[PDB]
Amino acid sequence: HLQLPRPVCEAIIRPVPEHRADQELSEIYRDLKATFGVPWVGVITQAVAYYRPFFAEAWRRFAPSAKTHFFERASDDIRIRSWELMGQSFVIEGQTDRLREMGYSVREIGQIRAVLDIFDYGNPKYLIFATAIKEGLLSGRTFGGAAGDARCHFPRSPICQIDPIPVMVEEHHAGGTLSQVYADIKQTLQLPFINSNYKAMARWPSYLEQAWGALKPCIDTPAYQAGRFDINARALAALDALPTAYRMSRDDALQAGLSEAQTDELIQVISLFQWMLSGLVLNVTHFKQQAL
């Protein structure tokens, strides 16, 4: 029974979306995107940003790591691993023919694949970031900083995609049946928010119903839970070998400008996100293999 505990939490999640961010926050958002090389600010980071003084500081200490060849490779290796697991554990029926007969052209299918690629690339990076924040607060420990192989400190593979923000059908954008599909995803993944990935997929509603329909039965199966732990374990491994040292303890959260009551709540918010993210990575992988 390889594990992964869904956390003790329903402390309020107050994510600040990019279309509401003031220009101080937007500046940190821009730098995050620019550093990760992704066109979206993840919901994990939106929710941590509510604790803005901790967020700016947490990010300041993690950024030097995130700019490294190490971090690109360790993120990439989680993408590879997710691909490996989901192929071996599940028989994933291709969906292209069904989509074509639903009216979807080859170009449109191409656009759908391109959107999936953004999250297949990005999410591991948010997973590793989520893990440093959680483990740093909970444990007090200083992670990484070894000189080791000097190539691990080199600049990461350079070229991004930062504009535009992907088209996402926010919860308040949603129509009748779309709200039903979001509620389903919410209950099935046991979450109080809808991830960016499904929101971007929901630009093509019928495609999302079909894609989510295929994935849903696989959720929380024994192979699923086991892959989730493997992915969770590798994220913890990347954190243990950050090329630039990273510390951000409860006491660091105080000095950043947070109360102890605020730090506590943050801990429960990040635990939810960190747990969730390993699952989200397997989900996008499945979607991406559907679209083979």
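Quick note: we count residues from 1 along the sequence shown, nothing fancier.
When 149-157 is weighed against 184-192, 184-192 comes out higher, by mean CA B-factor as recorded in the entry.
Once the C-alpha B-factors are averaged per stretch, 87-95 and 118-126 rank with 87-95 first. Out of 246, 224, 36, 51, the entry records its largest CA B-factor for 224.
Out of 178, 78, 168, 109, the entry records its largest CA B-factor for 178. Residue 232 sits in the middle third of its chain by CA B factor, as recorded in the PDB entry.
In this PDB entry, residue 73 carries a Cα temperature factor that places it within the lowest third of its chain's modelled residues.
The PDB entry assigns residue 281 a C-alpha temperature factor belonging to the lowest third of its chain's modelled residues. Placement of the Cα temperature factor of residue 252 within the chain: middle third of the modelled residues, per the deposited record. For residue 143, the recorded CA temperature factor ranks within the lowest third of the chain's modelled residues.
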